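Data block below; observations after.
Just the heavy atoms: all of them, side chains too, but no hydrogens, waters or symmetry mates, feed the values below. Every chain is numbered from 1 and lettered A, B, ... according to where its sequence line falls, protein lines coming before strand lines.
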Number of protein chains: 4
Amino acid sequence: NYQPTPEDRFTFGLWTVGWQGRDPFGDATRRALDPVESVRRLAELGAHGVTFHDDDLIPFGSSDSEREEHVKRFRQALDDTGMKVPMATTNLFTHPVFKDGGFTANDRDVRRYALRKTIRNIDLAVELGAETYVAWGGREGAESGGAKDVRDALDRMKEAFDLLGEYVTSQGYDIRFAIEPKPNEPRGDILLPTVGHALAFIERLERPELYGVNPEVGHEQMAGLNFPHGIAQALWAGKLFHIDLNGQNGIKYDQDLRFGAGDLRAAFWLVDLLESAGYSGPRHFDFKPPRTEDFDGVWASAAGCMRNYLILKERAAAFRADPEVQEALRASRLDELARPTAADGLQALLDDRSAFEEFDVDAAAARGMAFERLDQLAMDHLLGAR
Amino acid sequence: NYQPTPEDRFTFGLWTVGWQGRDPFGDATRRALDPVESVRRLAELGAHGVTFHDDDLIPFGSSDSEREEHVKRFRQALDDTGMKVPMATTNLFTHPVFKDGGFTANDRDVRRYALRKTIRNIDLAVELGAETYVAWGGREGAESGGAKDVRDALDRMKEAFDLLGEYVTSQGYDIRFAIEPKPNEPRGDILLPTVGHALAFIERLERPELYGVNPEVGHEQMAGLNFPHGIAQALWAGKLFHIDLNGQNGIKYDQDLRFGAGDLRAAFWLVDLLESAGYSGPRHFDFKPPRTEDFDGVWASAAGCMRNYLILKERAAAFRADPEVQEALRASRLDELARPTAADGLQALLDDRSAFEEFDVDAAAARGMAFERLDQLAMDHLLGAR
Amino acid sequence: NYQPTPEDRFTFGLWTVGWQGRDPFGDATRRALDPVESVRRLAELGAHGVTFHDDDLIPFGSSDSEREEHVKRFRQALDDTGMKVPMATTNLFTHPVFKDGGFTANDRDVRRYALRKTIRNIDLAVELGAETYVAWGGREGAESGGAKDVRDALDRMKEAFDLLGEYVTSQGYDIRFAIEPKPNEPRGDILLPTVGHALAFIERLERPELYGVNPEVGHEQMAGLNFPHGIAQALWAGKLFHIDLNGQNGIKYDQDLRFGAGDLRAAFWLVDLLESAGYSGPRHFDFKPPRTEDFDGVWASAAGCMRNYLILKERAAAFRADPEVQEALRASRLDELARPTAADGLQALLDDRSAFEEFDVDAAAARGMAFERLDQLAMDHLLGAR
Amino acid sequence: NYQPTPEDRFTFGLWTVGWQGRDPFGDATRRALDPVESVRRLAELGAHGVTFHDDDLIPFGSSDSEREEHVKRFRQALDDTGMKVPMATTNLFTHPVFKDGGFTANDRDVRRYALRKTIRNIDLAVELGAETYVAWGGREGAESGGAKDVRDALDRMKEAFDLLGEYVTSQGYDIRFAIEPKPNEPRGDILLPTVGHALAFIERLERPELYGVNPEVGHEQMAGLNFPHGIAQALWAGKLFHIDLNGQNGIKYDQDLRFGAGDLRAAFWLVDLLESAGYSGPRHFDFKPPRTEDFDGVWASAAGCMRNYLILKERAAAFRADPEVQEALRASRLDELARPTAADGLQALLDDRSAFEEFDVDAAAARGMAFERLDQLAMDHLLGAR
Ligand SMILES: [Cl-]
Ligand SMILES: [Cl-]
Ligand SMILES: [Cl-]
Ligand SMILES: [Cl-]
Ligand SMILES: [Mn+2]
Ligand SMILES: [Mn+2]
Ligand SMILES: [Mn+2]
Ligand SMILES: [Mn+2]
Ligand SMILES: [Mn+2]
Ligand SMILES: [Mn+2]
Ligand SMILES: [Mn+2]
Ligand SMILES: [Mn+2]
C-alpha cells in the first residue's frame, strides 16, 4: 500500500532524478538522462507531472530547430503518459555570465539578458500548460560587504519582477510567480534568504497578487528555521503558490535528500499542515538521489519521496481524527487559541476588570499546558504505536 | 578619542547593565542595580538615554503609590542628567503566566491580560516621552508541533497589534511600534523568527504605517543570517524604526555580547550601512556584560559598546571617502547596480537585440568582478593598515 | 505495551523531573520536588534508578547533621522502591564562585575548592553504590580570547582529573569517571566541546583506563554533529562509560527535550547502535519537561522518554532481523566493509596488480551502492509500514 | 608594508589559486592554470612554497612518460623560483570510484586501490622534499544510517593509516602524516569530523608518533567550534603538524574564503596563538578565490591571505608586549591559571582547610574577572585604536 496515483499530484523536476551527481568535490557518477525517459519512468512510478528549467529541456545555445525538436519529443512523452507540466523555471545560475547574479547582477547588460532569458521560457511554460513560474535567485547575493549594495539590489529585483508581471499581463497569461528563498549557497549570503524576506518583498511589488512563495524544506532548515511554521505563515498570507519537498539534516550545505529523510518529525507536521489547510497545489520534490546511487537507486529514491508523503498523510489524519487526541487538544486549549482575544472590542477590554484588576495570574500560571501528553500522542501515531 | 557624546544617541536598556548574571545554569553574580544609579553612570559615560521594560522600572505587583515613587525617582535622575527615554517595552516573558505566550498564549484570559499590561506601559512610555514601543514576543511559539496552530496564533498576534494600534490612535499618541524578531530561545521556535517574517506580518495589519522592526544583531545571527543584509531590506521597506546593537558568535544561545564583539566585520558593514543610509534613530545596545564581571566590568563593557561603534564609524567613512575605494567600486560596477535595468520599458527591452540575440555572454562572463581587491581595501581600512 | 521494567535500566537525574522551569528569560513554573517523591514517582513509572549532583541531594551550605538527614531520607526511598544510584556528579556550575570555571578557573583557590567539593561527593557516590562519576565542565571556557589560555587550562584540567584518579585509587574505590562534553552554553565556548576532544584529552591522563565519556544527545547536536557516529567512535575506543539520552532540534540552546523528540531518525540509529553493540550501562535521561507543564506533564514526559526508547528498540531489532534487510546490507556491501582491506599484508598489497595496475576503476565506479533502497527499508521499519 | 617574504613560510595548494570556479550550481568561470605558472606567480607574491594533490600535478590516467614530463616541468619552476614543496596529499574524492570513500569505501577493492594510489604519491612527495603528507577523507562517511557501520569503518581507517605508517617506515622516509578533519560536505556526515575526533583516533594507531592533525579554519567553524581553542588542544597534544588557513562565515557550506575574511577576531586569536606557541610549520592557505574573480582577482586574493596574516601578527605581538595589557592579564589572573593547582600533592590538598572548610566562597565569587577590559584592549590593538 501507500501506492501513489497521479491524483496525489506528485511532481518532480527533470533536474532531480536527472542529477548526474556532480558536487563541488567530485565528478558525475551517472550519465545524463533523456527527459523523455524521465517522464516515462516517473509516470510508471505514479507521478502526476514534471517541471523544468529552460536549460534542462533545451540545451543552452540550442538553435531554434533544435529547440523545436526537443520540445516536440517532450510533448510526445507527455501525451504518451498523461503527465503534466504544472511549473517551470529559468536557469539563471549555471552559466558563468550569472556569476554575480541574474536580476541583480552588478552588470546592467547581464540583468537585461537575464530578463530576456526568463521571458522566453515563460512563453514556453505557458505553452506546456504551466500554472506557476518559479524563480530561485541562487546567484543573487554576495561573499563580501562592498560587492553588493542590497538596497540597490532590491531595487533591481523589484524592477525585474515588476517587468515580468507587466509581461504576463500584457500577454493575458494566467500563470503566477513563486519566489523560492534560500539563505546561502552558492553565494555566501543570498538575497531574500527566507520565506519571511520573500513574503515581505512581494508586498512591495506593483501587482503583489501575481507573486507567492515556493518554499523548500531543506532551504529554510539551512537557517535552522521551523519549516512547518514558515509554511503556516505563507498560508496565512495566502501566498503558498507552490512547494518544494525534500529532506535536510541540519544547518549545512543543501543536501536535497528524498522527502521524509532528514527531519522526520518536521515532515509529519508539514504533511499535517498541508492536508489540514487544504493545500491544492503540486506536491513537488526538489531532491537529488545521492551520487552513491545507480539508476535503480534513482528511481527507488524517487519512489520513496512519494511513499513517505503518503505514510505521513495517513498518520497525521489518524492523529487528528483520534477522539483521545481531540480531547488532548481541548485540554491544551487549542480551541481557545482559535477564538478571538477580544471580539468585544477595545473599550470593553479596557473596562474588563477580569482582564487585569481582578485577573488571578497565579491561578492561570498554575495551569499546565499538557503539551507533552499531546506530543506523545502525536509520536505514537507517527510510529504506529497506539 | 572615540569619546561618545549624547549627540551620538547611544542608548541602553535598564536590563543590560542591570543584568545580575543569572543564566540557565547559574545564580546571580551581581547585585541588582537601582535604575537611578544606571541612569547616572550611563550619563557619565556619554550615553544619550535609557530604555525599559515595565517590570524593570516598576517591580511586578507594585501598588499605585509604589509605582508613582519609582517613577518620580527615575524622572529626577533623567532631569538631573539630561538623559532621554526614546523607547520602552513590556515584559511578557518572565512571569510564569506567560509560559505559553502573551498575545498568542493558548489561554484567552492570558492574551487579554497581556494586552492590558502592555496598554498600561504604553501610557507610561508616552509620559516619559518615548517615540518607539518595542515588542519582543519571546514566549510566542512552541516546543512541539501540536501545541500551537500557527495560523490561529498569527490571527491572535494580528488581533493584538491591531488593538494596540487602535488604542494609540484613540489616544492621539505619536508613538510607533517596533517588532523585535528572534528565531528561538526561550521557545524551541519563536513566531516571526526573522526580520523578513516580521516585515511580512506587518503588511497584514490594519494600519501598517504604525509598525516597523527592531532587529537585533545577535538574533538574526542565531539563524546564520547576514544582519547588514536584513537591515538593508528593513531600510528598503521604510521600516527600520529602532535597532538593537550587540555581538554574537554564531548559531548558539543568545549571547548578547557588547557591540563590536562577535562578528567584527559584520559590525563594520552594519555601521557603514546605518551611516550611509542616514539612520536617525537611537543606537541602542541590548547587551549583557558577561557574568564573569563585577560592576567595574559592567561599565567597561558598556563603554566598549560605544567606543567600537565610533571606531567602526570612522573606518567606514574613510573607506567610502577614499578615492582608490571609489575607483574600485566603479571597477566592480557598483555604479551600474544602482542604475535601472530597463528604464526604456518592457517593449524596448523585448526589441533590444543587444539584450539577447546579439548579447555576447562569453565576453560578459569573462569580466572579473574585482570584488576581492575591493574587499581587501575594506579590510585595510577596518584594521587601519592603509 | 512498551512498558518499561527496571530491567531496562532506565535512569533519571534528580534535576530532570525536578527542574522548576527557570530559563534565562523566566521564573520557575513548578515548585521544587522532594528527591524522595521523585524516587517514588520514577519507580512507579518503571525506572531502574536515579542520579544526582551533590547540590541536588544536599542543599549548598548544609550542615553535617542536615546532610545526614537528607541522605538518610533518600536512602529510605531507595530501600522502599528497589531503586539504584548508578551515577553521580558534582555541581561546579551554579554557585557564582564557579563563574570562570571549577577545575580551570583562573583563580587557583577556586580550582582547589572545586577539587575538594568533588572529592567529598565521590565518597558519597560510592556509599550510595555509584559505578560512574560524571563531570560536566559547563563553566570551563571563555567568552573572549584573552581570558583563557587554553593550553594552561588543559594543563589544569589534566591536573584535576589526575588528582581525582589518584584519590579513587588511594581509597580502593571501583568507580570510574565519565567526562561529558558540551560545545557551548553557558560559556561562549566550552573546553572539550565534543566527544572527540574528550576522548583525545583522556589519552593524556596519567591513568587513562579510569576515564571514559558521557556523551549527551543534544550536546553533540548543538555542534551539528551526528550523535550515532560519535557514540560509535566512543564504543570503538572502549570509552562509552555512560550516556545521556534526550532530544534536540538543531543548533541552538540546549533544549533537553524528552528522548525521541528532536531528531527522531538519529534516535532510531542510536538505539540500533547501542543494542547492536551490547551497551550495558544505564539508559540515562538528562532532560527537562518543558516549563509549560505541570507535575502531571513532568511524569508524562518522563514516561515518554522510556516509551520511545522501547519503541525504537523494537523497530531497530525488526530492521536488523528482516531477511530482506539482510539482503540489502549485502547488496550495499556492508559485509565487505567489515572485512580487512589487506590481511595479506603490505607487500602483497604492493604486489597486487588487481589493486592498481589492473584495477578497472570505471567498472567499480559504475556499481551503485543501493543505499537508498536500504534506507527506505529502515524508514518503513521505523514507521511500521512494512 | 606587510610584505611577505619566503621566510614567512607562506604556502598555497595548486588547487587554491588554480580553482576554476566550478561549484554545485555552476560551471567554471576561469581556465585551468598550468602549475608552472602558479609557482611563478606565487613566488612573485612572496610565497615560500606550494602543495599538491597527485591529480593536480599529474592528470588522472597519465602515462609514465606523461608523468615524468609533468614532474620535470614542475621541478624546473621550483628550481627557477626557489619555491619549496613542504606538503602533498592524495585525491581520494573526485573520481566516481571514490563515491563511498577511499580507505573506508564499503567495496574492498576500492579501499586497496585507494591505498596504492596514496603510496604512489607519497614516493613522489618525498622526492619533491615534502615533510608532511595530508589526508582529507572527504568521502569517508554517509548520508544514511544503514550505509556505514562506523565501528567497521574506523577499523578500516586504522588499517589504512597503519599500512601507510608501515610503508614509510619500511622505506626509511622521514615524512609524517597529518589528518585533516571536516564535519560534513561532500558526505552528509564525515568520519573524524573535528580536530578532537582526529586526535583521539590517532591514539589508536600502531605508531601514533607518525600522525598529527592538519586542521582547517573553515572546517571547524562549520561545526560552530572555536578554531583557536582546537588549535590549542592540538598544540597541547604535540600534534599540530600542519595547518590550513582560510576564512568562513558561520555554519554553512565550506566557503574557503581568503585568510582574514570570515571571522576576523578568530583569525587574530589564531595568529596570536600560533606565534605565541612558536608554531614552526608552513602557513598554508587552503582557499578559493571567489568565482566572481578573473585571474587578477585570483592573485589579489592570494596576496590578501598573506597580508592579513602579517597585519594580525603585528597587532597580536603589540597586544602581548603592551605593559597595560600585561597588567590586565595579571588582573584577570592569567598568571594564576598557569600555576599548578596543587603541586603540594593530594594529601596536602585534602588537609588544606583553606581549600574547603575555611574557603570564603562569597569573597572569591565577588572578585570580578575583568575580562571585558582585557578584551577591549585586544580590540583596540586589533583595530589600531590604542
Ligand atoms: Cl521588504
Ligand atoms: Cl505574513
Ligand atoms: Cl588532546
Ligand atoms: Cl577514538
Ligand atoms: Mn535544495
Ligand atoms: Mn527547490
Ligand atoms: Mn539578545
Ligand atoms: Mn534586543
Ligand atoms: Mn543538555
Ligand atoms: Mn547531560
Ligand atoms: Mn575548506
Ligand atoms: Mn584544507
Side-chain angles (χ1 to χ4, degrees), chain A residues 194-204 208 233 236-239 341-342 346 349, chain B residues 51 53 86-90 92 101-104 111 114-115 117-123 125-126 130 132-141 150 153-183 190-205 207-216 219-220 230-244 277 279-282 284 286:
Chain A
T194 76
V195 162
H197 299 78
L199 292 172
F201 174 75
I202 286 164
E203 301 295 317
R204 292 301 196 275
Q233 186 168 345
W236 191 68
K239 291 296 189 193
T341 291
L346 173 62
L349 177 57
Chain B
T51 63
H53 298 85
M87 179 279 275
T89 184
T90 323
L92 302 171
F103 302 161
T104 72
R111 303 195 293 275
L115 285 159
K117 195 174 190 291
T118 299
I119 287 166
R120 233 259 264 243
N121 199 54
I122 293 167
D123 289 340
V126 172
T132 306
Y133 200 87
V134 159
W136 172 59
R139 295 283 173 200
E140 315 316 311
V150 168
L154 291 172
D155 279 341
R156 304 291 78 76
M157 194 85 93
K158 157 173 175 64
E159 282 181 352
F161 281 109
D162 286 341
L163 285 157
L164 296 183
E166 193 196 329
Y167 179 74
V168 303
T169 289
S170 79
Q171 299 302 290
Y173 288 160
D174 294 316
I175 197 166
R176 301 184 302 178
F177 297 103
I179 292 166
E180 173 169 358
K182 196 184 184 191
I190 292 170
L191 306 187
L192 307 186
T194 76
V195 162
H197 299 78
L199 292 172
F201 174 75
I202 286 164
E203 301 295 317
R204 292 301 196 275
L205 301 175
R207 317 146 150 108
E209 74 275 0
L210 295 178
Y211 314 83
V213 292
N214 180 49
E216 181 178 305
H219 291 182
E220 299 303 287
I231 296 302
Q233 186 168 345
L235 287 164
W236 191 68
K239 291 296 189 193
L240 192 59
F241 288 6
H242 199 267
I243 199 161
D244 279 1
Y279 171 65
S280 72
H284 186 242
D286 184 5

Exercise. For B/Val195, does its backbone N or O pair with a side-chain atom of B/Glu220 as donor and acceptor, under 3.5 Å?
Worked result: yes
Exercise. About how many Å separate CG of B/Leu235 and CG of B/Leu240, when rounded to the nearest 0.5 Å?
Worked result: 5.0 Å
For this session: Please assess B/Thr89 against B/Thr51 for the test side chain to side chain contact (heavy atoms under 4.5 Å, CB included), listing each intermediate value before the final yes or no.
Result: CA-CA 8 Å; B/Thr89 184; B/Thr51 63; over 6 Å; no
Problem set entry | Heavy-atom pair with the smallest gap, counting every atom of B/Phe201 and B/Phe161 | CE2-CD1, 3.7 Å
For this session: Would you please test A/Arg204 and B/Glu203 for salt bridge (charged side-chain N to carboxylate O under 4.0 Å, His left out) and show each step?
Result: CA-CA 10 Å; A/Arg204 292 301 196 275; B/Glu203 301 295 317; 2.9 Å; yes
Exercise. Side chains of B/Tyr167 and B/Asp123: donor-acceptor distance under 3.5 Å anywhere?
Worked result: yes
Problem set entry | Modelled atom types, side-chain donor and acceptor of B/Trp136 and B/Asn214, under 3.5 Å | no
Problem set entry | Nearest-0.5 Å distance that lies between atom CD1 in B/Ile119 and atom CD in B/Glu166 | 9.0 Å
For this session: With side chain to side chain contact (heavy atoms under 4.5 Å, CB included) as the test, would you mind laying out the steps for B/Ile243 and B/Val213 before giving the verdict?
Result: CA-CA 8 Å; B/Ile243 199 161; B/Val213 292; over 6 Å; no
Problem set entry | Check: B/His219 side chain, B/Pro181 main-chain N or O, donor-acceptor pair, under 3.5 Å | yes
For this session: Looking only at non-hydrogen atoms, find the nearest pair between B/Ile190 and B/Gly138 and report the distance.
Result: CD1-O, 3.6 Å
Exercise. Are B/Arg176 and B/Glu209 ion-paired here, with the side-chain N under 4.0 Å from a carboxylate O?
Worked result: no
Problem set entry | For A/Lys239, all residues meeting salt bridge (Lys or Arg N to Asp or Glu O under 4.0 Å), sequence neighbours excluded | none
Problem set entry | CA sep, side-chain torsions, deciding dist, call: A/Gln233, B/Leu192, side chain to side chain contact (heavy atoms under 4.5 Å, CB included) | CA-CA 9 Å; A/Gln233 186 168 345; B/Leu192 307 186; 3.7 Å; yes
For this session: Ignoring hydrogens and angles, state whether a donor on the side chain of B/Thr90 or B/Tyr133 is under 3.5 Å from an acceptor on the partner side chain.
Result: yes
Problem set entry | From B/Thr132 atom OG1 to B/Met87 atom CE, the distance as rounded to the nearest 0.5 Å | 8.0 Å
Seminar exercise, completed: Correct closest heavy-atom pair for B/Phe241 and B/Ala178 would be CB-CB, 4.1 Å
Exercise. Rounded to the nearest 0.5 Å, how far apart are CD1 of B/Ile231 and CH2 of B/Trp236?
Worked result: 15.5 Å
Problem set entry | Any side-chain heavy-atom pair of B/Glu180 and B/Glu216 under 4.5 Å | yes
Problem set entry | Test log, rule side chain to side chain contact (heavy atoms under 4.5 Å, CB included), inputs B/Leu164 and B/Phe177 | CA-CA 9 Å; B/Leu164 296 183; B/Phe177 297 103; 3.8 Å; yes
Seminar exercise, completed: So CD1 of B/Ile122 and OH of B/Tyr173: to nearest 0.5 Å the spacing works out to 8.5 Å
Exercise. Can you name the nearest heavy-atom pair linking B/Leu191 to B/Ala153, along with the distance?
Worked result: CD1-CB, 3.7 Å
Seminar exercise, completed: Which of B/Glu159, B/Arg139, B/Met157 passes side chain to side chain contact (heavy atoms under 4.5 Å, CB included) with B/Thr104? Answer is B/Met157
Seminar exercise, completed: Minimal heavy-atom distance between B/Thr194 and A/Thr194, with the atoms involved, is OG1-OG1, 3.9 Å
Problem set entry | Non-hydrogen atoms of B/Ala88 and B/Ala130 that approach each other most closely | N-CB, 4.2 Å
Exercise. Just how far is it from atom CG of A/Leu349 to atom OG1 of A/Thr341, taken to the nearest 0.5 Å?
Worked result: 9.0 Å
